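Written out below as structure tokens is the structure these notes cover.
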Amino acid sequence: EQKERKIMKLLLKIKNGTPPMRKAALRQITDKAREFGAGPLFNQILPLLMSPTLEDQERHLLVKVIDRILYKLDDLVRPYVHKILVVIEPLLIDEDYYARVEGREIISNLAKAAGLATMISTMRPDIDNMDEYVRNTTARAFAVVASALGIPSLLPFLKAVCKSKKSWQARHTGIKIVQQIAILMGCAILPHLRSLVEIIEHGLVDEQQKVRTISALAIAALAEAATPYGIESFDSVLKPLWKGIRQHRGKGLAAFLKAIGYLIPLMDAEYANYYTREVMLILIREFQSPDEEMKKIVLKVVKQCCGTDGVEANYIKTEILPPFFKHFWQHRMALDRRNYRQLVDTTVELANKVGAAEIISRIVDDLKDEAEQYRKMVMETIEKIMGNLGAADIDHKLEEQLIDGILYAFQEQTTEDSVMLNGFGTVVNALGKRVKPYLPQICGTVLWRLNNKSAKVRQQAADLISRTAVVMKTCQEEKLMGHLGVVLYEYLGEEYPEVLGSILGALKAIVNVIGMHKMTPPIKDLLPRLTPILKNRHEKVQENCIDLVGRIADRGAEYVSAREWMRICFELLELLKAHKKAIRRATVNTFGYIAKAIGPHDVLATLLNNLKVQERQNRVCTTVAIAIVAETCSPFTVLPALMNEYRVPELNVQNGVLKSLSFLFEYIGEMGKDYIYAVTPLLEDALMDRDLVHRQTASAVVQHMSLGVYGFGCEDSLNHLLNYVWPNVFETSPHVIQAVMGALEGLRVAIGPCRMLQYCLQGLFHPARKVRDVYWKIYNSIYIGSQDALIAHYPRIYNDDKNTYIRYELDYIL
Amino acid sequence: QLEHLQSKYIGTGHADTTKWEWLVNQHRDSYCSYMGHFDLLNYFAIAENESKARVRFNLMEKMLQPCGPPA
Amino acid sequence: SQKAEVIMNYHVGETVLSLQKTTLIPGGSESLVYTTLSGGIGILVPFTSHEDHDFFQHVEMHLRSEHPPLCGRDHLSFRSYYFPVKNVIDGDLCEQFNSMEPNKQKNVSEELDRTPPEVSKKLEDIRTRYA
Amino acid sequence: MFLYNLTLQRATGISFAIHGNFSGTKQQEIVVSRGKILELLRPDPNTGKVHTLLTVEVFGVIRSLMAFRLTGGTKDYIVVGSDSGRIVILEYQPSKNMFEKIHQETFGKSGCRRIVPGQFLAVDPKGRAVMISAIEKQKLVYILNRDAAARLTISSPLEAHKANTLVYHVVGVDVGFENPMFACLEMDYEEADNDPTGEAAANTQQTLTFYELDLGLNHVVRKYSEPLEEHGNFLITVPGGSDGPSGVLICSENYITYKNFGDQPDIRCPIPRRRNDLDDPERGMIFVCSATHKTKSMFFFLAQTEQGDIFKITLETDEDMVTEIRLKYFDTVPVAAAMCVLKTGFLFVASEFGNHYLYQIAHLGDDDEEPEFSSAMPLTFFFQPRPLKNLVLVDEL
Amino acid sequence: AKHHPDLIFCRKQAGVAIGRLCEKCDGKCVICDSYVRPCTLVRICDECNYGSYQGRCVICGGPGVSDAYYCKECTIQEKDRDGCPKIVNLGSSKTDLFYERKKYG
RNA sequence: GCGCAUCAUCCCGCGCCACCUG
RNA sequence: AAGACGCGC
Ligand SMILES: [Zn+2]
Ligand SMILES: [Zn+2]
Ligand SMILES: [Zn+2]
């Protein structure tokens, strides 16, 4: 009927149309859902999710509106909990991070809003379902719902399910639930570890292969969730696991090995060492297994065993390194992804534990292999080892072999990846002074890679130069660095944008490593060459050139004429519409250095004229620029211009200058106590009931000044400012409420809680309700912070004939 | 919607909190501050010919139900 | 009607039951000697010059920023316990400046463009003049 | 209009006291805390004189102070709880002659707040954990451990909050290499404010709550809740383990109660009174301070009453069961806020007001001419005060 | 955080570990989003730092490259003596942004 | 449906949270 | 081209 006839229109409005229309439609959906109900609304919403042709955007919007309407409704979704659950199950079973996060949030909201009894009633029957996908999604649902509202409320229920005898399916489901709780909760199951261990023990004893495998997985999950402590609660599981290790084979063997490897770090050093010695024979017997999953499992087990302190370097080297290294270095197993990452992690952990010497000395030869994946793997291991351990263990032979290997690897640059550059940079940084003889070779190779076939490999060459400039400068080869700089200077005419950005980054690095006065290119000609680069449109070149000219202004401002200073300021104003925030921050920094170098008159006049762009993106940037100019220059030479610009009746100009005053007061801090008197008439004018934005800006200025001048005795003007700020509490807009609350908090921390208590005591018991509510919230805000002074600031209340309200202990006289 | 810190604090009033709760909270805070401050406790123990232990014991007993019984 | 205004505020930390303004050392100057309920006796010394006041304020601020109290309590917050501090300079940090290791005291000495010996001389000048 | 603040005389009154080997040597030292000044002073056994060795100001209000040491170590650390919402562990360096901070962990807002920890502090006797508690609704537990570098380490705080409860005193309980145990005089008041009939004062008894510390599970749980016949004041830590049985003594009005977890029967013993009391009989008698002496041969407890009578408390017990508590009158001294019994036959008394004395114990008075009392005697007790006989005054501050 | 009221903090007991910030949030304050006067470090809670969550940005959730800090104003306002200042929500803007990017990308 | 205005709000092109699979 | 908020013809 009419209730349903108003549903599809809103659905088509929110699914089709401009964003304003769908936002408004969502607004009256949220507003009118109190009278709409839940029954027909869900009866119409759910078939939309049941549509096979559902899209990502439609599903996301519908789940969001369902989440909001369910948050609004406390206990009005009880009859449809089962439907919501069974329709969210496909949403959460998906392999999308955002989708599964939204699904788990939905189920948590279901658990919080709805009672446990109805959930149990609609929840029990599907535990013993024959289909496996529904069992998996129901296991995820149990995990999230037990995460909500706490696990102990349903822990005995889980024990009862796991103690089932009718079929092994119920025990499998219960062990899956325990594993899911272990994998999701993390550290929230530590107090309840013993009961879960006892529950999983008898399932482990069970003869069913699936049941014992899932029990081993649950034990491993519990161990990894209780990694720091919990061996005392796990010492009763070791014997069946050892029996399975010594008897079972196949997938069960893999699960038991994973469980024991997870449990090994839990115990002490001696027990872990003995168990690693026991399992090393089986590990060696299993290394050459064709299965990739088992190889990954044994790699993880080996890494965990090696991470423990029970083993020793000599023993591990003489037992496990030769066979593992012989059977775990092949291209066929290197072609994988999970095997790739697991092998990298295992090798780097082993190198950290036992040492890097041999583990790099007998892989530098393999670095020469023509395979690109093998080269990438060995270089990743090398760079991880260099970053983690260090490089103070290399002799001449190993270091020259490593240099030859890295040079050969970089020479055969076939794939497109930055890992090449990262590895080379880490290697050269780790080597330090010991690589100084070889620098001409790298210089020649990088030059040869630079000058060929029209700027394609020049990107990585310039990135490499920028990365290695530090060691290049510390190698005392100043003439070579100057030669590279000047050559790259005439190589500035490249049309390619990414190549130009790499060139700009390399120029930044070379001018940063060495002093600017020693740079061979002409700066007086460099700036006119960089100005067209400033007029470029690509983001990378724009940010690089803006930071470069910021460095120019910071250091090399003496050799730059004021005419081109003003011009590049003009294109800085023009460029302020950049999308990236880093570009805008660098731009306002450039204004700061320029105004520090030259008198803040022309730049200030140009900045003050950019407050009429009809877009707040440029206005805030100009505000920050004006604030930084006033901070880096004399404040008393900027304020009169700010007031003169305020004199115009332009609302945008007034808002900009007020924000500039707020930012300046925030930046200067305690030094600005002398300028408090100069801005009092402006604050009084802004605090007048004319514009909400004016009141917000005035409150922000008051709060910033109060925080800045706190502790220096400036209460005379602060009290007068509060006298006008206070009548702004009665507002409805959230932004002005937040600004007023911040201003009053600053005035409280500056003046003291006594005056705030005096003001808030006027209407704490007012006959009306809204004034009482706002006074109570203000009083709570005051009472939360600096409570120890209100006791002295409390007033005196006369006691009644039935209760005592007078503290007689304070009336004692000595 | 940052009211979590408001609700997670004990000793502050709200919309329909009566006078009795406010006064008993004030008395409890005053007693706790008296106990914390050594100088005021010493002043109290000097005013009456007693000991600091007895004064703090009596102050602890006064924390059971200040301002008479609830109405 | 007419209301007076407070021009100075401080928090000694202990109850004060004595307050007098009389000279202590012959040939000295008037000081505001006070005695507290905890058994401590202190005096208040006015500043005879603006340069000395600026130097003392800079020293106090630098010590507060560089040398925190042992129990991890904010010195400014401790002094502004019940009411904000007003026109009072704490000398406890200035006297404790003589107890730190040489590195930090020398570092703050060039940071103030001064030298530790004359700094200690200036610190002891007030003590030997007003007490 | 600018004044300079100076301090001609430092604070002298003593609010807390503690003793230990703070220099790593066999020489005992005393660390007492003033109102806002922390200073170290030690006596000379050869001459009996006391000289201050270090004096610093902390710019804060000290609410608790006690010392501890790690097992197998030789140096004692200093833990102080100030009005700031953080805990700091100190260490004394004899070479630098100054206190060196070792750790600093923040857990709440600053100031003497009702629900901010810092008022009550407890340390495990073995020296493996420290507990800090608030007046109401807040309790925190920390784990003390030594890494491979022989440096102090601090773990994360533990959640031990209980809503709508009041805590009177917190003190550690010896377990003898078992999990650390903490006992407090926790009591509830939720029903007190919900009864308009005025019966809040009546039918409301204290409880002796016990808290474990499970290292394996890294969590704290309440152990028991035993109602008490009458309100208590403070607890005493009985040296447990191999040297004596574990337990706690409860000090109340005209009575002392011994309690222990398990199947330990309660022991009660009335506090003896003077001969022909000139005070009002209706006034009760409580305890103001206590000390201990964990001698290897035999341990004993010292306590002081409101009027200053010193009672030597001797505990008689079987291998695992307590038999009786034997009280005995030692001497009479001025009322002291804190008392510490030093080694080598020296006793330090930090008087509540006036000068502080340093007596010297000469005769232990084991079964002297004065008869002793016991809990086995059916029904009060009366003793005749005598001048100073066991203690001999040597030096005073 | 400040700009978006939807994001909320876990507000749990502070631990011993130190939070991290990504390159984008290198200088932003964890509360008021300011780049002025970083004084004190930021402590993280045990729940917010476990396994995969280790070395993650406090504000957005990227890889951790720099240590977090508290600004001078936040320290003055006594706001750093509170619970864990880590956002547990994923943000409403991020979901819509990712969905539209996936659709038009 | 019009004209507006605020939050140094987003603008980053794909990311990776225990997993698929005989 | 996007997350929220408030303003009247
Ligand atoms: Zn980030
Ligand atoms: Zn957290
Ligand atoms: Zn901040």
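Structural remarks
- Residue match in the range D:96-119 (condition: assigned to a strand (DSSP E or B), closer than 22 Å to D:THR25 by Cβ and away from every other protein chain (no Cβ under 12 Å)): no
- From A:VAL63, A:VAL81, residue being away from ligand 2 (no atom under 16 Å from the Cβ), under 16 Å from A:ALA113 (Cβ atoms) and within 14 Å of chain E (Cβ to nearest Cβ): A:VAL63
- Filter result (aromatic (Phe, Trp, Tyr) and touching a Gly at 6+ places or on another chain (Cβ under 9 Å)) within the range A:750-780: A:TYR775, A:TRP776, A:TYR779
- If you go through the range A:718-735 and keep only what is aliphatic (A, V, I, L, M) and either in a helix (DSSP H, G or I) or more than 16 Å from RNA strand G (Cβ to nearest atom) (or both), you end up with A:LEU718, A:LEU721, A:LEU722, A:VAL725.
- Yes/no for E:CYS57 being at the interface with another protein chain (Cβ under 10 Å from one of its Cβ atoms) and either within 21 Å of D:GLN104 (Cα to Cα) or within 14 Å of ligand 1 (Cβ to nearest atom) (or both): no
- The range A:697-717, residues that are assigned to a helix (DSSP H, G or I) and aromatic (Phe, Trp, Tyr): none
- Listed by position, the strands (runs of 3 or more DSSP E) contained in the range D:1-81 that have at least 3 residues being more than 17 Å from the chain's Cα centre (by Cα) and surrounded by fewer than 17 Cβ atoms within 10 Å (Cβ to Cβ) are D:50-57.
- Number of positions in the range C:90-130 that are of a type in the set (A, V, I, L, M), more than 14 Å from chain D (Cβ to nearest Cβ) and out of contact with any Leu (no Cβ under 9 Å at 6 or more places or on another chain): 1
- Residue match in the range D:130-153 (condition: surrounded by fewer than 19 Cβ atoms within 10 Å (Cβ to Cβ), of a type in the set (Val, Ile, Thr), over 28 Å from D:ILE236 (Cβ atoms) and in contact with a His (Cβ under 9 Å, 6 or more places away or on another chain)): yes
- Positions within the range B:6-34 being of a type in the set (A, V, I, L, M), at the interface with another protein chain (Cβ under 7 Å from one of its Cβ atoms) and either buried (at least 17 other Cβ atoms within 10 Å of the Cβ) or out of contact with any helix residue (DSSP H, G or I) (no Cβ under 6 Å at 6 or more places or on another chain) (or both), in sequence order: B:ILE10, B:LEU23
- Subset tally (residues that are away from chain B (no Cβ under 14 Å) and surrounded by fewer than 18 Cβ atoms within 10 Å (Cβ to Cβ)) for the range D:347-359: 1
- The one condition in (1) more than 14 Å from chain B (Cβ to nearest Cβ); (2) among the small types (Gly, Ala, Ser); (3) part of a loop (DSSP other than H, G, I, E, B); (4) within 20 Å of D:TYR329 (Cα to Cα) that D:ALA291 fails to fulfil: (3)
- Hey, E:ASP33 facing another protein chain (nearest Cβ under 8 Å), part of a loop (DSSP other than H, G, I, E, B), within 27 Å of B:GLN6 (Cβ to Cβ) and not hydrophobic (A, V, I, L, M, F, W, C) or not: no
- Residues of the range A:131-149 that are surrounded by 13 or more Cβ atoms within 10 Å (Cβ to Cβ) and not β-branched (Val, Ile, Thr): A:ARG135, A:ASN136, A:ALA139, A:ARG140, A:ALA141, A:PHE142, A:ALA143, A:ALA146, A:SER147, A:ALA148, A:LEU149.
- Selection count where residues are away from ligand 3 (no atom under 16 Å from the Cβ) and either surrounded by fewer than 18 Cβ atoms within 10 Å (Cβ to Cβ) or among the acidic types (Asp, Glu) (or both), scope the range E:10-36: 8
- Among (1) within 14 Å of chain D (Cβ to nearest Cβ); (2) farther than 24 Å from C:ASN9 by Cα; (3) among the hydrophobic types (A, V, I, L, M, F, W, C) - the single one A:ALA792 does not satisfy: (2)
- Any hit, the range E:37-48, residues being under 30 Å from A:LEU54 (Cβ atoms) and either within 12 Å of RNA strand F (Cβ to nearest atom) or surrounded by 15 or more Cβ atoms within 10 Å (Cβ to Cβ) (or both): no
- Among the candidates D:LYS137, D:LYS126, the residue that is within 11 Å of another protein chain (Cβ to nearest Cβ) and not β-branched (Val, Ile, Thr) is uniquely D:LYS137.
- For the residues D:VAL79, D:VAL56, D:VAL88, the requirement of being more than 12 Å from chain B (Cβ to nearest Cβ) and over 21 Å from C:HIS67 (Cβ atoms) singles out D:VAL79.
- Residue in the range E:38-45 that is away from chain D (no Cβ under 14 Å), over 26 Å from A:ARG68 (Cβ atoms) and either within 16 Å of ligand 3 (Cβ to nearest atom) or among the aliphatic types (A, V, I, L, M) (or both) present: yes
- Of the helices (runs of 4 or more DSSP H) lying entirely inside the range A:1-87, those containing at least 3 residues that are surrounded by 15 or more Cβ atoms within 10 Å (Cβ to Cβ) are A:7-15, A:19-36, A:39-50, A:56-72.
- Every residue from the range D:20-60 that is within 22 Å of D:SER351 (Cα to Cα) and hydrophobic (A, V, I, L, M, F, W, C): D:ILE30, D:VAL31, D:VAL32, D:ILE37, D:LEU38, D:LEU40, D:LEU41, D:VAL50, D:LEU53, D:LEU54, D:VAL56
- The numbered conditions (1) more than 7 Å from every other protein chain (Cβ to nearest Cβ); (2) surrounded by fewer than 17 Cβ atoms within 10 Å (Cβ to Cβ); (3) outside any loop (DSSP other than H, G, I, E, B) are all true for C:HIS53 except (1).
- Among (1) surrounded by 16 or more Cβ atoms within 10 Å (Cβ to Cβ); (2) within 16 Å of RNA strand F (Cβ to nearest atom), the one test that E:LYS102 misses: (1)
- The single condition among (1) part of a strand (DSSP E or B); (2) of a type outside the set (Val, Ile, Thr); (3) in contact with a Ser or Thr (Cβ under 8 Å, 6 or more places away or on another chain); (4) away from chain B (no Cβ under 14 Å) that D:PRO245 does not satisfy is (1).
- Out of D:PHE182, D:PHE210, sole residue that is part of a strand (DSSP E or B) and either in contact with a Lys or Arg (Cβ under 6 Å, 6 or more places away or on another chain) or on the phi > 0 side of the Ramachandran plot (or both): D:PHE210
- Beta carbons closer than 8 Å, at least 6 apart along the sequence or on distinct chains, pair a first residue in the range E:72-91 that is within 11 Å of chain D (Cβ to nearest Cβ) with a second that is part of a loop (DSSP other than H, G, I, E, B) and within 16 Å of RNA strand F (Cβ to nearest atom) for E:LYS79/E:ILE31.
Values in this text are rule-based calculations from the coordinates and carry no lab data. Because the Cβ atoms are built from the backbone with ideal geometry, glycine has one as well, and the counts that use them run over all protein chains shown.
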